[PDB]
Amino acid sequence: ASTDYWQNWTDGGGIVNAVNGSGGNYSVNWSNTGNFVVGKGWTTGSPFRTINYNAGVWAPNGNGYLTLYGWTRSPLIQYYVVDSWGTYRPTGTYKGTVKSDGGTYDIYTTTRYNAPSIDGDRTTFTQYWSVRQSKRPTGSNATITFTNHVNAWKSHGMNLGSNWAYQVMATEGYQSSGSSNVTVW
């Protein structure tokens, strides 16, 4: 399935110059930002999708994540599979680990309160994370075998919602500057 979804969200802080490139390609150049999320992927997420990407540029200066990023409803859950980051490795309530695609990821949960989501500007929701224990090398074709994460989460009592929303390979930033260039398929 070729990508069909363009995610381009900013809370309005700083500069987020995002380019919707040809096919699965996008880029972001950002400066002194609030929170933003830019990426490409699919209108409807699947627990069985293999996400492929190649980050030809991964150059955060401060907090950025290079991450699978997506949502379900029923219930409302945000999830991440974080392959690389900048100055900050995201963590939460430690649940366990999962091995996938040549890496080991820690599994965490967090909760957001009064926060933006696909449902509104001020919402409360759980987040599920796989965060790689070390930054993944970038520049070569990489795979996220999402089933492995979903199954590990499930085994730790972290069940996703029944109603799948979008699923993207994203650049998320907070209080940072940077450059990224990623192709997704």
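The first residue of the sequence shown is number 1, and the count goes up from there.
- The question of which stretch, 120 to 128 or 141 to 149, has the higher mean Cα B factor is settled in favour of 120 to 128.
- Averaged over their C-alpha atoms, the temperature factors of 2 to 10 and 175 to 183 are higher for 2 to 10.
- When the Cα B-factors of 28, 59, 66, 158 are read from the PDB record, 158 comes out highest.
- In this structure the maximum Cα B-factor among 74, 87, 84, 97 is found at 74.
- Ranked by Cα temperature factor within the chain, residue 53 sits in the middle third according to the deposited record.
- Sort the chain's modelled residues by C-alpha temperature factor and residue 104 lands in the lowest third, per the entry.
- Sort the chain's modelled residues by C-alpha temperature factor and residue 165 lands in the highest third, per the entry.
- Among the modelled residues of its chain, residue 136 has a C-alpha B-factor that falls in the lowest third, as given in the PDB entry.
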